[PDB]
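Undergrad: My questions will all concern the structure given below.
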Amino acid sequence: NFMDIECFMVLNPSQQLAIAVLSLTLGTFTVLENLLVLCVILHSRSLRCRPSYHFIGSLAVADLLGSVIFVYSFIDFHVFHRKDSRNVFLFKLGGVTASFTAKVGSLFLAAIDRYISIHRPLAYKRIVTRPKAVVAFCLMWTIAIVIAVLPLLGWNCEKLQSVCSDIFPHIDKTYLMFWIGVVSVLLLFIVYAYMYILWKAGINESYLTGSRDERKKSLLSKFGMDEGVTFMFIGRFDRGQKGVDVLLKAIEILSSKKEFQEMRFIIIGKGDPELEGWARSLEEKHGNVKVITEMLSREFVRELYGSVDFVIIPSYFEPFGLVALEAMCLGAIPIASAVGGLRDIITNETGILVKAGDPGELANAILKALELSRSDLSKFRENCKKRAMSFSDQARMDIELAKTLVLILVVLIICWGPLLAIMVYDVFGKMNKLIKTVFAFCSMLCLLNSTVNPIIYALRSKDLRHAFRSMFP
Ligand SMILES: CCc1c(C(=O)NCCc2ccc(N3CCCCC3)cc2)[nH]c2ccc(Cl)cc12
Ligand SMILES: CCCCCCC(C)(C)c1ccc([C@@H]2C[C@H](O)CC[C@H]2CCCO)c(O)c1
């Protein structure tokens, strides 16, 4: 309590109405459509209860209540020259800082959703549910409320006798660095988060030409073995989760059988030196097993999925169907255990289900594979080709949404970036008359942001538009 509050009302009476009709219209064009964006969401049973678009409510609410507060209390201050209480101002201001912090945490939670929906394609539907998404936003909001009510708890320059900010009344210049700090680094990770998801997302069986018998007759000739039935395993060597130890226990016990001559096995991986010393012995002990644990070209392995006819995923549990999807897309019947996602991607009409970590029943399911016709075999390769299109499909609709989230994050950094940076110089230096009044006119960006956020839903979201013509035809 050294300087009074009126030294902050800088707008002369000609530029207090010009800033008013801006707040009242640009603040009406955001309340109208955000209150409308909330109407499409909660009617459409699709967008309402969905963890993918759940943020569009958490984004159109912080841009509505956080906007009506900033239109009332700002016009009631720079134009109506009102001096509230010392905790009534921080209450009215706390409702604004919480909202912006909340929409940052919305672009943060929506990034966890994006990473899971793309790089955990079938774990996603079972990790990110409606319960786990409702709890994550409510506690993301719980945090956004706390950071906003700190100066109401005693992190202010009045109740602490500290240098006040030249821009915000009743607020320390350290609470700024705690609020600009936690937000600039959050956007930094968030900006870095969506760029990792997009970069590693650009990382078709119509590229492989000819019949499969030809491409498999050319493959086994490279190894020097006869046209045989080619089983394939890909993945790290371990005994903990991948079933390479299970698979080697089956190839050995199948060797004591009459049906082993026709069976051709090919394994690639890298891991336990004793698991490698076990598999490489079979490669020279048998004339029909070849193990490749060195220099595997990523498009050569692409030729394997399309040349072979069976895929072996004997893992104890698949966290994400990385081979399961690429193999089936290239029409190679996968023989995996019904653990993890491999239950609803590999079924009794798409592949062969085995018991996890069971070496005997794995072999008994390799002999079953040897005794079936092309009628069945060509039909499984189709159902593997048909299941994959339902993935590179949704995983395409997912990738389009991680572009939408960046477009929202982009126009968030553009609107709130300059304001945030003008706050930064308040911490270090002082703010003269000019730099303090340009901030009040640049302050309108948090309303323009809430004006272009509902516009870009109606441009990117393919579902939200069709939901709009459904109740307003
Ligand atoms: C239902 C989630 C949701 C919101 C939303 O307001 N969550 C805020 C929930 C919440 C929880 C706790 C508090 N506390 C106040 C301070 C003291 C500690 C507890 C406050 C608020 N907004 C949404 C928009 C769309 C969708 Cl789909 C869901 C939501
Ligand atoms: C660490 C606090 C962050 C504040 C958010 C910045 C924001 C752009 C929302 C903002 C907030 C407040 C004002 C006005 C500053 C004037 O000095 C006093 C009146 C404020 C509006 C009343 C808020 O209840 C602002 O221009 C920008």
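Ligands are numbered from 1 in the order shown, residues from 1 within each chain, and chains are lettered A, B, ... in the order they appear in the structure tokens.
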I need the residues in region 88-188 of chain A that are helix (DSSP H, G or I) according to DSSP; give them as a PyMOL selection string.

TA: chain A and resi 88-119+124-127+130-148+173-188

Undergrad: Would you list the contacts of residue 395 (chain A) as an mmCIF file with N, CA, C and O atoms, in the first residue's frame, taking every protein, DNA or RNA residue within 8 Å and counting only C-alpha atoms, but skipping same-chain residues closer than 2 positions in sequence?

TA:
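Output contents, as saved in around-v4.cif:
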```cif
data_model
loop_
_atom_site.group_PDB
_atom_site.id
_atom_site.type_symbol
_atom_site.label_atom_id
_atom_site.label_comp_id
_atom_site.auth_asym_id
_atom_site.auth_seq_id
_atom_site.Cartn_x
_atom_site.Cartn_y
_atom_site.Cartn_z
ATOM 1 N N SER A 117 -3.922 -42.466 -28.665
ATOM 2 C CA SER A 117 -4.809 -42.873 -29.751
ATOM 3 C C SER A 117 -4.056 -43.248 -31.018
ATOM 4 O O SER A 117 -4.635 -43.898 -31.894
ATOM 5 N N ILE A 118 -2.795 -42.848 -31.141
ATOM 6 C CA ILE A 118 -2.002 -43.085 -32.341
ATOM 7 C C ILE A 118 -0.937 -44.149 -32.102
ATOM 8 O O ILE A 118 -0.808 -45.093 -32.881
ATOM 9 N N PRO A 121 -2.672 -47.989 -30.472
ATOM 10 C CA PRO A 121 -3.936 -47.962 -31.237
ATOM 11 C C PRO A 121 -5.089 -48.730 -30.608
ATOM 12 O O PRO A 121 -6.231 -48.255 -30.661
ATOM 13 N N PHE A 391 -8.134 -49.375 -39.138
ATOM 14 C CA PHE A 391 -7.131 -48.807 -38.246
ATOM 15 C C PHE A 391 -6.373 -47.671 -38.916
ATOM 16 O O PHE A 391 -6.480 -46.522 -38.473
ATOM 17 N N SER A 392 -5.631 -47.968 -39.974
ATOM 18 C CA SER A 392 -4.988 -46.883 -40.695
ATOM 19 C C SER A 392 -6.082 -45.851 -41.034
ATOM 20 O O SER A 392 -5.792 -44.674 -41.248
ATOM 21 N N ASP A 393 -7.335 -46.314 -41.081
ATOM 22 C CA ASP A 393 -8.525 -45.469 -41.035
ATOM 23 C C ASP A 393 -8.705 -44.581 -39.803
ATOM 24 O O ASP A 393 -8.503 -43.370 -39.886
ATOM 25 N N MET A 397 -8.094 -40.567 -38.934
ATOM 26 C CA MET A 397 -8.960 -39.593 -38.281
ATOM 27 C C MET A 397 -8.344 -39.087 -36.983
ATOM 28 O O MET A 397 -8.619 -37.956 -36.565
ATOM 29 N N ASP A 398 -7.504 -39.905 -36.339
ATOM 30 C CA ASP A 398 -6.767 -39.445 -35.165
ATOM 31 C C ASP A 398 -5.712 -38.414 -35.551
ATOM 32 O O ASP A 398 -5.624 -37.343 -34.940
ATOM 33 N N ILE A 399 -4.901 -38.726 -36.566
ATOM 34 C CA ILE A 399 -3.849 -37.815 -37.009
ATOM 35 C C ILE A 399 -4.431 -36.479 -37.453
ATOM 36 O O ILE A 399 -3.811 -35.427 -37.251
#
```

Undergrad: Do a neighbour search on residue 218 (chain A) at 12 Å with only C-alpha atoms, toss out local chain neighbours closer than 5 positions, and write the hits as a PDB file with N, CA, C and O atoms, in the first residue's frame.

TA:
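Result file is part-v8.pdb:
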```pdb
ATOM      1  N   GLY A 210       2.415 -58.854 -57.861  1.00  0.00           N
ATOM      2  CA  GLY A 210       2.464 -60.267 -58.182  1.00  0.00           C
ATOM      3  C   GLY A 210       1.676 -61.100 -57.191  1.00  0.00           C
ATOM      4  O   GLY A 210       1.103 -60.604 -56.216  1.00  0.00           O
ATOM      5  N   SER A 211       1.642 -62.402 -57.465  1.00  0.00           N
ATOM      6  CA  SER A 211       1.019 -63.335 -56.540  1.00  0.00           C
ATOM      7  C   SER A 211       1.922 -63.562 -55.332  1.00  0.00           C
ATOM      8  O   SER A 211       3.135 -63.335 -55.376  1.00  0.00           O
ATOM      9  N   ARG A 212       1.313 -64.019 -54.238  1.00  0.00           N
ATOM     10  CA  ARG A 212       2.090 -64.296 -53.036  1.00  0.00           C
ATOM     11  C   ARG A 212       2.992 -65.509 -53.221  1.00  0.00           C
ATOM     12  O   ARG A 212       4.103 -65.540 -52.682  1.00  0.00           O
ATOM     13  N   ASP A 213       2.538 -66.509 -53.980  1.00  0.00           N
ATOM     14  CA  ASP A 213       3.368 -67.681 -54.235  1.00  0.00           C
ATOM     15  C   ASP A 213       4.659 -67.297 -54.944  1.00  0.00           C
ATOM     16  O   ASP A 213       5.720 -67.867 -54.669  1.00  0.00           O
ATOM     17  N   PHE A 223      17.157 -67.751 -49.203  1.00  0.00           N
ATOM     18  CA  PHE A 223      17.709 -68.552 -48.119  1.00  0.00           C
ATOM     19  C   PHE A 223      18.151 -69.931 -48.582  1.00  0.00           C
ATOM     20  O   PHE A 223      18.941 -70.580 -47.889  1.00  0.00           O
ATOM     21  N   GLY A 224      17.656 -70.391 -49.727  1.00  0.00           N
ATOM     22  CA  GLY A 224      18.042 -71.681 -50.252  1.00  0.00           C
ATOM     23  C   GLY A 224      17.170 -72.840 -49.833  1.00  0.00           C
ATOM     24  O   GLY A 224      17.621 -73.989 -49.908  1.00  0.00           O
ATOM     25  N   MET A 225      15.940 -72.587 -49.397  1.00  0.00           N
ATOM     26  CA  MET A 225      15.030 -73.647 -48.996  1.00  0.00           C
ATOM     27  C   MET A 225      13.883 -73.780 -49.992  1.00  0.00           C
ATOM     28  O   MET A 225      13.585 -72.865 -50.764  1.00  0.00           O
ATOM     29  N   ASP A 226      13.245 -74.948 -49.964  1.00  0.00           N
ATOM     30  CA  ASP A 226      12.163 -75.248 -50.884  1.00  0.00           C
ATOM     31  C   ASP A 226      10.949 -74.371 -50.594  1.00  0.00           C
ATOM     32  O   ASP A 226      10.846 -73.725 -49.549  1.00  0.00           O
ATOM     33  N   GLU A 227      10.021 -74.359 -51.549  1.00  0.00           N
ATOM     34  CA  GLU A 227       8.726 -73.713 -51.388  1.00  0.00           C
ATOM     35  C   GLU A 227       8.166 -74.495 -50.208  1.00  0.00           C
ATOM     36  O   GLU A 227       7.838 -75.678 -50.336  1.00  0.00           O
ATOM     37  N   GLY A 228       8.061 -73.852 -49.046  1.00  0.00           N
ATOM     38  CA  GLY A 228       7.499 -74.465 -47.868  1.00  0.00           C
ATOM     39  C   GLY A 228       6.582 -73.417 -47.258  1.00  0.00           C
ATOM     40  O   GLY A 228       6.457 -72.291 -47.738  1.00  0.00           O
ATOM     41  N   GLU A 303       8.874 -56.512 -47.092  1.00  0.00           N
ATOM     42  CA  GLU A 303       8.738 -57.595 -48.059  1.00  0.00           C
ATOM     43  C   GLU A 303       8.455 -58.927 -47.378  1.00  0.00           C
ATOM     44  O   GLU A 303       7.856 -59.813 -47.997  1.00  0.00           O
ATOM     45  N   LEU A 304       8.856 -59.083 -46.115  1.00  0.00           N
ATOM     46  CA  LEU A 304       8.583 -60.324 -45.398  1.00  0.00           C
ATOM     47  C   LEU A 304       7.095 -60.477 -45.108  1.00  0.00           C
ATOM     48  O   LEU A 304       6.506 -61.526 -45.389  1.00  0.00           O
ATOM     49  N   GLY A 306       4.586 -59.425 -46.600  1.00  0.00           N
ATOM     50  CA  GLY A 306       3.808 -59.666 -47.799  1.00  0.00           C
ATOM     51  C   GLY A 306       4.182 -60.943 -48.524  1.00  0.00           C
ATOM     52  O   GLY A 306       3.409 -61.440 -49.348  1.00  0.00           O
ATOM     53  N   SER A 307       5.363 -61.488 -48.235  1.00  0.00           N
ATOM     54  CA  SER A 307       5.792 -62.729 -48.868  1.00  0.00           C
ATOM     55  C   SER A 307       5.367 -63.954 -48.066  1.00  0.00           C
ATOM     56  O   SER A 307       4.824 -64.910 -48.629  1.00  0.00           O
ATOM     57  N   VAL A 308       5.598 -63.936 -46.751  1.00  0.00           N
ATOM     58  CA  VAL A 308       5.264 -65.057 -45.879  1.00  0.00           C
ATOM     59  C   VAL A 308       3.750 -65.230 -45.836  1.00  0.00           C
ATOM     60  O   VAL A 308       3.009 -64.471 -46.469  1.00  0.00           O
TER      61      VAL A 308
END
```

Undergrad: Would you work out the distance separating CA of residue 325 (chain A) from CA of residue 371 (chain A), expressed in Å to one decimal?

TA: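 For CA of residue 325 (chain A) relative to CA of residue 371 (chain A), the distance reads 25.0 Å.
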
Undergrad: Compute the set of protein, DNA and RNA residues whose minimum atom distance to ligand 1 is at most 6 Å, using only C-alpha atoms and all ligand atoms, and state it as a tab-separated table (two decimals) with C-alpha atoms, in the first residue's frame.

TA:
```tsv
chain	number	residue	atom	x	y	z
A	54	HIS	CA	-14.09	-34.11	-24.52
A	57	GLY	CA	-16.31	-28.69	-23.89
A	58	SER	CA	-13.41	-27.93	-21.55
A	61	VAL	CA	-16.30	-23.33	-21.24
A	134	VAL	CA	-13.69	-36.93	-16.50
A	137	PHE	CA	-10.20	-32.67	-16.51
A	138	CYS	CA	-11.78	-32.03	-13.10
A	141	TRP	CA	-9.38	-27.64	-13.39
A	142	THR	CA	-8.75	-28.14	-9.66
A	145	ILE	CA	-8.33	-22.92	-9.66
```

Undergrad: Residues within 6 Å of ligand 2, counting only C-alpha atoms and all ligand atoms: report them as a ChimeraX atom specification.

TA: /A:8,70,73-74,92-93,96-97,167-168,176,179,440,443

Undergrad: Skip region 408-422 of chain A itself and residues of its chain fewer than 4 positions away, then list as a PyMOL selection string all residues within 9 Å of it, counting only C-alpha atoms.

TA: chain A and resi 100+104+107+180+184+187+190-191+403-404+426+435-436+439+442-449+452-453+456-457
